[PDB]
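Below, chain A is the first sequence line, B the second, and so on; all start at residue 1.
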Amino acid sequence: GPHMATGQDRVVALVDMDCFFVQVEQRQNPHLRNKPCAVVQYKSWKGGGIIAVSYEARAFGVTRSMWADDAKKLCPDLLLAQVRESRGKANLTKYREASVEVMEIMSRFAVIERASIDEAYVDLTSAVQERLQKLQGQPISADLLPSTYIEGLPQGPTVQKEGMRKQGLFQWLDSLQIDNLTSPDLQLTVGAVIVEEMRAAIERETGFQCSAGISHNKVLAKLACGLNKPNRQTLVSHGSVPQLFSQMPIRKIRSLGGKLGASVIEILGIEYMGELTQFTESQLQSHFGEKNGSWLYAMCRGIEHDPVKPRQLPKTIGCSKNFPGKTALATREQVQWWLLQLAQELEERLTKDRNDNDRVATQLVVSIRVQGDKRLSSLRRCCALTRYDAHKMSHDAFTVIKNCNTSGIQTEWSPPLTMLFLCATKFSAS
DNA sequence: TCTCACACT
DNA sequence: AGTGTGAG
Ligand SMILES: Nc1ccn([C@H]2C[C@H](O)[C@@H](COP(=O)(O)NP(=O)(O)OP(=O)(O)O)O2)c(=O)n1
Ligand SMILES: [Mg+2]
Ligand SMILES: [Mg+2]
């Protein structure tokens, strides 16, 4: 009763850019706007691999991971933009710079956790408290929430999309207790007001549209965000959780999309997140471990405590390239040339990073994959990163891996290399 | 057929 | 440390 925590202590949002790399290319090239289009990497093999898809193209069935030649069979008028290539490899600079534009705007509203190139969590608890004081128990107008869905509503005793959205929003607002500044539902609603303002600022100042989720924790905010993408935001209240989870496949929850989620389904013989409530915490810890078990017990009730970490910048800066099939690297000079290419990109990124962000990397991680190996990495080794110098980095990288060459013949390399990866890690202030 | 964070040991 | 999972 009075002592059962409900996980309603924070207001957390997740903002995720819509078809992000496509919007970056559409802003640059107006001819791609409002068209079925996709962003591809590496044009020579089957037209390139698609990594992002506009919503117009998604209507034709175009998806990420399709070859463009194959996407063209579904959507013959599909337009394409190519990722820049530098030093023989895809170069993601344009998208990293565009990400910084967005993350800097979000940071004006609250400390953010950068979760990926195109999304960030926000802890809005303090901002909401501030705004509630300013509001002075005065009602929240639907006009302040023009792109907000309230998950689960309308419900109870119109056939158009926007009509339903308004109907649900009206039911929600009509039920709100605005004279109680500690009401979690009211706190979420003020959170949604702030997120409308944030999303409007991002669109005004960059041209990019995004979606967002507002709830009491990161997992629910992420789940919420995807419910009404694109260009809308979704509020998932604590009360909405039982119905929402009652038919929600386990794999849809962040961190349960892989082997762990598959094991939950298999071991327990369930399908939906809500079905987890029937197990004791000890039962869950017995199957999935102390940490996962406690997390699952709380999460299936809508409760999660993972903090929004104050981190706006990536913790590592890495450069990698695959050399699949018959392209695997088989000579010393080949391996040395490509390590050098990677090291040169890394140096460029590291130097820019040190000037912008007042920090230096101190460890260089080198990873390879040898042909035949079914693992994503064969060998991983680290060494000291003492100077931002590509020739030194590439020579050092070769040293920590040169004993992998099982060829007595010095010039040849065996087994051939199907992947090289260099990553700068362990940053210190500078 | 290119990235980045984090748990385990 | 090095290996692996999970995700954008
Ligand atoms: N496997 C992946 C997933 C994403 N990305 C890139 C391209 C995406 O535009 C960008 C953001 O990923 P995303 O949020 O999963 N999808 P995207 O923003 O394109 O579409 P939405 O579904 O969010 O509207 O990361 C990638 O290069 N490889
Ligand atoms: Mg996105
Ligand atoms: Mg995303």
Got a sec: does the CD of A/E290 have more than 12 other heavy atoms crowding it under 6.0 Å? no
From B/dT1, C/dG2, B/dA5, nucleotide with atom closest to A/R380 side chain: C/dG2
Under 6.0 Å between ring centres, would you say that holds for A/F323 and A/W338? yes
Between B/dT1, B/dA5, C/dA7, which nucleotide gets closest to the side-chain atoms of A/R254? C/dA7
Under 4.0 Å, counting only non-hydrogen atoms across every strand here, what does A/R251 touch: a base, just sugar-phosphate, or nothing? nothing
Taking only side-chain nitrogens and oxygens of A/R381, does any of them come within less than 4.0 Å of OP1 or OP2 of C/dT3? no
Under-4.0 Å side-chain N/O to phosphate OP1/OP2 contact, A/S377 with C/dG2: no
Side chain of A/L92, heavy atoms from C-beta onward: which of C/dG8, B/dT3, B/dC4 has the nearest atom to it? B/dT3
Evaluate whether atom CD of A/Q243 has more than 12 neighbouring non-hydrogen atoms of other residues, nucleotides or ligands under 6.0 angstrom away. no
Spacing between A/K94 atom NZ and B/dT3 atom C1', to the nearest angstrom: 17 Å
Looking at A/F60, I'd like to know if the NZ or CZ of A/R58 sits under 6.0 Å from its six-membered ring centre while staying within 45 degrees of the ring's axis. no
When you measure from the side chain of A/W45, which nucleotide among C/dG8, B/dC4, B/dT1 comes out closest? B/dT1
How close or far is atom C1' of B/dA7 from atom CG of A/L256, stated in whole angstroms? 15 Å
Are any of the side-chain nitrogens in A/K89 or A/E345 under 4.0 Å away from the carboxylate oxygens of its partner? yes
Side chain of A/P324: nearest nucleotide among B/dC4, B/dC6, B/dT1? B/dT1
Pick base, sugar-phosphate or nothing for A/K321, based on heavy-atom distances below 4.0 Å to the nucleic acid. sugar-phosphate
B/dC4 phosphate, OP1 or OP2, under 4.0 Å from A/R96 side-chain N/O: yes
Given C/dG4, C/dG2, B/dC6, the nucleotide with the shortest approach to the side chain of A/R375: C/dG4
Rounded off to whole Å, could you give me the CD1-to-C1' distance for the A/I253 and C/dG6 pair? 15 Å
Applying a 4.0 Å non-hydrogen cut-off, can you work out what A/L260 is touching in the nucleic acid: base, sugar-phosphate, or nothing? sugar-phosphate
Nearest whole Å is fine: how far is C/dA7 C1' from A/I51 CD1? 15 Å
Between A/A115 and A/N322, the residue closer to the 5' end of DNA chain B by nearest nucleotide is A/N322
C/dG2, B/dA7, B/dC4: which one has an atom nearest the side-chain heavy atoms of A/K291? B/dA7
Donor-acceptor contact present, side-chain A/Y149 to main-chain A/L235, <3.5 Å: no
Nucleotide nearest A/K259 when distance is taken to its side chain, options C/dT5, C/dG8, B/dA5: C/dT5
Donor-acceptor pair, distance only, cut-off 3.5 Å: does the side chain of A/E151 make one with the backbone of A/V236? no
For A/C319, which contact category applies under a 4.0 Å heavy-atom criterion: base, sugar-phosphate, or nothing? sugar-phosphate
Where the side chain of A/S320 is defined as all heavy atoms beyond and including C-beta, which of C/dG2, B/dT3, C/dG8 is the nearest nucleotide? B/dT3
Does a side-chain N or O of A/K89 approach OP1 or OP2 of B/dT3 to a distance below 4.0 Å, or not? yes
Rounded to the nearest Å, what distance is computed from the CG atom of residue A/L346 to the P atom of nucleotide B/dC4? 10 Å
Check whether any side-chain nitrogen or oxygen of A/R349 sits under 4.0 Å from OP1 or OP2 of B/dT3, and answer yes or no. yes
For A/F421 and C/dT3, what is the distance between atoms CZ and P respectively, to the nearest whole Å? 13 Å
For A/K222 and C/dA7, is the shortest distance between a side-chain N/O and OP1 or OP2 below 4.0 Å? no
Walking DNA chain B from its 5' end, the first of A/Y42 and A/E113 to be reached, judged by nearest nucleotide, is A/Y42
Could you check how far CZ of A/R311 sits from P of B/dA5, rounded to whole Å? 6 Å
Tell me: CZ of A/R114 to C1' of B/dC6, nearest whole Å? 15 Å
Closest to the side chain of A/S116, out of B/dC4, C/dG2, C/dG8, is C/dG8
Need one value for A/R64: base, sugar-phosphate or nothing, where a base atom within 4.0 Å counts as base even if backbone is also close, heavy atoms only. nothing
